């Protein structure tokens, strides 16, 4: 059975978790507590990973690393990456555009001067969010009436930037609906209420923002 290894935190894997519940696929999680970093440094080179790292996916003669390939994989198995070249780049482009947000957040999340940085960030956030609203205009999801993995990716971003600035989505009623809509999906809804859900932390614990054991 599938194995998904990562820190007991949202981070770089949340989308993959949410995409997994959607496909109601069975998988076993391997999470590393805040103080268990040695446990990782021990097994790190004893898993058969050609590029050791976190997260890692292992479900047979396949042992992956890199949150994208891992997720791109889970989806590619259920033919969710696109039927033709063009479309597959459309979804890879959504993939990218979302990361510039989610990663844009972790560039300044561990910095001690996170407060001074967040300004320019949230200053440029509107423009980015705007593109998605446009994309979502006349679509149930980023790619149409069918849930694509970048959706859980965008969903993850949104939720993260709401903790940073809960007002950022007021200017975008559409993105707020999107989020609600995603949460509506039966599987998703059972996850967010299930005991496997990981509401916090967002980033690793040592992080200024989104770090720490309990939300601020």
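The term rigid core refers to the most C-alpha atoms you can superpose between the two forms while keeping them within 1.5 Å. Residue numbers count along the first chain shown, from 1.
Higher-deviation stretch (C-alpha RMS, rigid core fit) in 9 other deposited structures of this protein, choosing from 54-62 and 180-188: The stretch that sits farther from the shown form in 9 other deposited structures of this protein is 54-62.
Mean CA B-factor: is it higher for 29-37 or for 51-59? Between 29-37 and 51-59, it is 29-37.
Mean C-alpha B-factor comparison - 38-46 and 182-190, higher one: On average, C-alpha B-factors are higher across 38-46.
By the entry's C-alpha temperature factors, tell me which of 92, 106, 79, 143 sits highest. Within the set 92, 106, 79, 143, 143 shows the top C-alpha B-factor.
Based on the PDB record, which member of 130, 88, 138, 118 exhibits the highest Cα temperature factor? Largest recorded C-alpha B-factor: 138.
Ranked by Cα temperature factor within the chain, is residue 70 in the lowest third, the middle third or the highest third? Tercile = lowest for this residue's CA B-factor.
Chain third (lowest, middle, highest) by recorded CA B-factor, residue given as residue 99: Middle third.
How does the C-alpha B factor of residue 215 compare with the rest of the chain: lowest, middle or highest third? As the PDB entry reports it, the C-alpha B-factor of residue 215 lands in the middle third of its chain.
Using the B-factor values recorded in the entry, state whether the Cα atom of residue 176 falls in the lowest, middle or highest third among the modelled residues of its chain. Within its chain, residue 176 is a highest-third residue by C-alpha B-factor, going by the deposited values.
What third of the chain, by the recorded C-alpha B-factor, contains residue 169? As the PDB entry reports it, the C-alpha B-factor of residue 169 lands in the highest third of its chain.
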